[PDB]
């Protein structure tokens, strides 16, 4: 969080090729819309990051004050799915997006992925040293175990929005 009690949240969104299967991308967008348009509260600082082989910053941290702010972020939800998969590119970039303004300790990630990635241990340390809180939504049924181990090691929640 920010020193005065404002939330810091960075959406981290799996646009990789496996996400074109079934309705994963639709379920990604639906939860991204819900979190953006209804859930996250006034005053919060919110960034957005998509990722395939690598990360693409859809937005730096902007503060939620108007419905404009919500619609802007929501319009940047991934359109289609393509490319390689590297969850760590996104978390690394999330931590960079945050640390342009605030420390990662106490901040929150919202990792929307199907979990089909087996290099996740690659960033365990940095994920630990960040102090961030990685909530995860599993959008497929074949999520790697290190996806769960990301929330477990950071204090974040896990929910499963597949079928």
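Positions refer to the first chain, counted from 1.
Mean C-alpha B-factor is higher over 122 to 130 than over the other stretch, the pair under comparison being 34 to 42 and 122 to 130. Judged by mean Cα B factor in the deposited record, 138 to 146 ranks above the other of 8 to 16 and 138 to 146. The PDB entry assigns its highest CA temperature factor, among 49, 64, 109, 54, to 54.
Residue 70 sits in the lowest third of its chain by CA B factor, as recorded in the PDB entry. Among all modelled residues in this chain, the alpha-carbon of residue 100 has a temperature factor (C-alpha) in the middle third. Ranked by Cα temperature factor within the chain, residue 113 sits in the middle third according to the deposited record.
For residue 26, the recorded CA temperature factor ranks within the highest third of the chain's modelled residues.
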